[PDB]
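Student: Pasting a structure below so you can have a look.
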Amino acid sequence: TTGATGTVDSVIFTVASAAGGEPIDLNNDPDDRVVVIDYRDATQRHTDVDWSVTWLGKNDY
Amino acid sequence: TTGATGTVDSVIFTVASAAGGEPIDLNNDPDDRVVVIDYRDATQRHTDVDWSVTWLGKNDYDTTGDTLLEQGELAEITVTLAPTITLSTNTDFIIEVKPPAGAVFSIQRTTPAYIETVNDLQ
Amino acid sequence: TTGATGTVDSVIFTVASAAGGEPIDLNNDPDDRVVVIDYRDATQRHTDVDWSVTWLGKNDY
Amino acid sequence: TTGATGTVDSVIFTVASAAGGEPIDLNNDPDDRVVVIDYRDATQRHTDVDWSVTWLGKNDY
Amino acid sequence: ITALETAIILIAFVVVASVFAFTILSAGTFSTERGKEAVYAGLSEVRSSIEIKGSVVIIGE
């Protein structure tokens, strides 16, 4: 929703492996997650929210 | 309670296993716990306070009964301080955790000058 | 008695069994003790002072 | 005195704790001080001179 | 018979190594925490500056 009283729908960002390369698992199934994402604020707090993954460029997925 | 004369309700933090993992029991029953948690500041001292645990991500607790902490699991711990222990702004406190085996660690922080509903202690 | 001229009242510490796991006795009755505790600083010395035990967590006491 | 004359050797300066934050004592008792202040000059030298402290703002003192 | 003698000696070295290892683990955890505090503390005051806006005004009774 747009305007001075708008509302946020989603937050998007990208990730990549670091220098000392070592694979990490990005499975997003709610029962096989090993990466946990939390949300915080000055009023609320929610843990283990749900998220999606899209692969860009070269991949083996 | 919020304001310049606020009052802390609970303290939350998460734990996980270390390198060369070996399971640790996280049962929180008052008669079978093997992990003891203490509270201290410059005015009072309480031992063996009560806590609850919540499992996040991949766990085997929800399926059968498991309470061991092993690879890939992540646990959240909540210590309640609401009615009995009084804590307010501008104070230093210590939470001490004593596992049955391994390392004993502490948590020293400082309550901010104005308490809100959710506060962060970087 | 708090202050710059204070006075200590008690000393507290916790113990636990080490590797090997052979049990030891922690009775504190003044006539059945097998654990003895002493105090010395630089001007006095007292032997076999009195102490009390409190059990934390799982126990059979 | 003014003009070309003496100085009340009353240099004032203020101090505060650093980033680490661990405190240190500041009692100016001549028999109990642990902070030592020296005066030096091209002509004379005086050591362990005495001083006084005044607390400002919010203090536990 | 060196056989059953050696068992008693061997246990002694193991347990003393165990208690030493326990102390190192606990000691290392404390030091890491303190180093963490210093960095977070340091970033704080560097950011905390303020400044003046506008001209200064005096009022005469």
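Just so we're on the same page: first chain in the structure tokens is A, next is B, and so on; residues restart at 1 for each chain, and ligands are numbered from 1 in the order they show up.
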Could you pull out the strand (DSSP E) residues of chain C from DSSP and send them as a count of residues only?

Tutor: 6

Student: Which residues of chain B come within 9 Å of chain E, and what is each one's closest atom pair and distance in Å (one decimal), counting only C-alpha atoms, sorted by chain and residue number, as a Markdown table?

Tutor:
```
| residue | atom | partner | partner_atom | distance |
| --- | --- | --- | --- | --- |
| B:101 | CA | E:22 | CA | 8.7 |
| B:102 | CA | E:22 | CA | 6.7 |
| B:103 | CA | E:26 | CA | 4.8 |
| B:104 | CA | E:26 | CA | 5.5 |
| B:105 | CA | E:29 | CA | 6.6 |
| B:106 | CA | E:30 | CA | 7.7 |
| B:107 | CA | E:33 | CA | 8.7 |
| B:122 | CA | E:40 | CA | 7.3 |
```

Student: Calculate the C-alpha RMSD, in Å to one decimal, after superposing chain D onto chain C by least squares over all C-alpha atoms paired in sequence order.

Tutor: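 Root-mean-square deviation of the C-alpha atoms: 1.1 Å.
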
Student: For the atom pair atom CA of residue B:80 and atom CA of residue A:45, what is the interatomic distance in Å to one decimal place?

Tutor: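 If I compute the distance from atom CA of residue B:80 to atom CA of residue A:45, I get 16.8 Å.
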
Student: Go through chain A residue by residue and, counting only C-alpha atoms, keep those with an atom at most 12 Å from stretch 65-73 of chain B; for each kept residue give the shortest atom pair and its distance in Å to one decimal, ordered by chain and increasing number, as CSV.

Tutor:
```
residue,atom,partner,partner_atom,distance
A:25,CA,B:72,CA,11.0
A:31,CA,B:73,CA,11.5
A:32,CA,B:72,CA,9.6
A:33,CA,B:72,CA,9.0
A:34,CA,B:72,CA,6.2
A:35,CA,B:72,CA,9.2
A:36,CA,B:73,CA,10.4
```

Student: Per residue of chain B within 8 Å of chain A, record the nearest atom pair and its distance in Å to one decimal, counting only C-alpha atoms, with rows in chain order and ascending residue number, as a tab-separated table.

Tutor:
```
residue	atom	partner	partner_atom	distance
B:56	CA	A:48	CA	6.7
B:57	CA	A:33	CA	5.2
B:58	CA	A:32	CA	5.1
B:59	CA	A:31	CA	7.9
B:72	CA	A:34	CA	6.2
B:73	CA	A:34	CA	7.6
B:116	CA	A:42	CA	7.0
B:117	CA	A:43	CA	5.7
B:118	CA	A:42	CA	5.4
B:119	CA	A:42	CA	6.9
```

Student: Keeping only N, CA and C atoms, write the selected residues to a file as a short mmCIF file (atom, residue, chain, number, x, y, z; two decimals), in the first residue's frame.

Tutor:
```cif
data_model
loop_
_atom_site.label_atom_id
_atom_site.label_comp_id
_atom_site.auth_asym_id
_atom_site.auth_seq_id
_atom_site.Cartn_x
_atom_site.Cartn_y
_atom_site.Cartn_z
N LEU B 56 13.92 -24.13 17.38
CA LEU B 56 13.77 -23.42 16.12
C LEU B 56 14.44 -24.20 15.00
N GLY B 57 13.79 -24.25 13.85
CA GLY B 57 14.36 -24.93 12.70
C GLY B 57 14.22 -26.43 12.77
N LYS B 58 15.22 -27.15 12.27
CA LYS B 58 15.18 -28.60 12.23
C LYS B 58 15.42 -29.15 13.62
N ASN B 59 14.44 -29.87 14.16
CA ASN B 59 14.55 -30.48 15.47
C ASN B 59 13.91 -31.86 15.42
N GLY B 72 23.02 -29.12 13.98
CA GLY B 72 21.94 -28.56 13.20
C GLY B 72 20.77 -28.03 13.99
N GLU B 73 20.72 -28.27 15.29
CA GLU B 73 19.62 -27.81 16.12
C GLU B 73 19.96 -26.46 16.74
N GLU B 116 11.63 0.03 26.77
CA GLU B 116 10.53 -0.12 25.82
C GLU B 116 10.06 -1.56 25.82
N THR B 117 9.07 -1.85 24.97
CA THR B 117 8.48 -3.18 24.96
C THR B 117 9.50 -4.24 24.55
N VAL B 118 10.33 -3.95 23.56
CA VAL B 118 11.40 -4.84 23.15
C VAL B 118 12.69 -4.04 23.05
N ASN B 119 13.73 -4.51 23.73
CA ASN B 119 15.01 -3.82 23.77
C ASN B 119 16.12 -4.75 23.31
#
```

Student: So which residues touch residue C:58 within 9 Å, counting only C-alpha atoms, skipping near sequence neighbours fewer than 6 positions away, as an MDAnalysis selection string?

Tutor: chainID B and resid 30:34

Student: Near chain E, which residues of chain C fall within 8 Å when you count only C-alpha atoms, and what do they look like as a ChimeraX atom specification?

Tutor: /C:18-20

Student: Hey, can you spit out that residue selection with N, CA and C atoms as a short mmCIF file (atom, residue, chain, number, x, y, z; two decimals), in the first residue's frame?

Tutor:
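Final output, saved to selection-v8.cif:
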```
data_model
loop_
_atom_site.label_atom_id
_atom_site.label_comp_id
_atom_site.auth_asym_id
_atom_site.auth_seq_id
_atom_site.Cartn_x
_atom_site.Cartn_y
_atom_site.Cartn_z
N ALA C 18 34.33 -34.75 39.49
CA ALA C 18 35.22 -34.70 38.34
C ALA C 18 35.16 -36.01 37.56
N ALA C 19 36.07 -36.17 36.61
CA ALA C 19 36.15 -37.41 35.85
C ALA C 19 36.54 -38.57 36.76
N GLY C 20 36.05 -39.76 36.42
CA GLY C 20 36.23 -40.91 37.27
C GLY C 20 34.96 -41.21 38.04
#
```

Student: What's around residue A:55 at 10 Å? Count only C-alpha atoms, leave out sequence neighbours fewer than 5 positions away in its own chain, and write the answer as a list in words.

Tutor: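 The residues that qualify are residues 14, 60 and 61 of chain A.
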
Student: Record the distance separating atom CA of residue C:21 and atom CA of residue E:13, expressed in Å with one decimal.

Tutor: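 So the answer is 15.5 Å.
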
Student: Which residues are close to residue B:48, i.e. within 7 Å by only C-alpha atoms, leaving aside same-chain residues fewer than 5 positions away? Reply as an MDAnalysis selection string.

Tutor: (chainID B and resid 36:38) or (chainID C and resid 56)

Student: Hey, can you spit out that residue selection with N, CA, C and O atoms as a CSV table (one decimal), in the first residue's frame?

Tutor:
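The result, written out as selection15.csv:
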```csv
chain,number,residue,atom,x,y,z
B,36,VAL,N,21.7,-25.4,35.4
B,36,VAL,CA,21.3,-24.5,36.5
B,36,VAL,C,21.6,-23.1,36.0
B,36,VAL,O,22.7,-22.8,35.5
B,37,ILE,N,20.7,-22.2,36.3
B,37,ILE,CA,20.8,-20.8,35.9
B,37,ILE,C,20.6,-19.9,37.1
B,37,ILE,O,19.7,-20.1,37.9
B,38,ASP,N,21.5,-18.9,37.3
B,38,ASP,CA,21.5,-18.0,38.5
B,38,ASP,C,21.4,-16.6,38.0
B,38,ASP,O,21.7,-16.2,36.9
C,56,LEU,N,21.3,-28.2,44.3
C,56,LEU,CA,20.7,-27.5,43.2
C,56,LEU,C,20.4,-28.5,42.0
C,56,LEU,O,21.3,-29.4,41.7
```
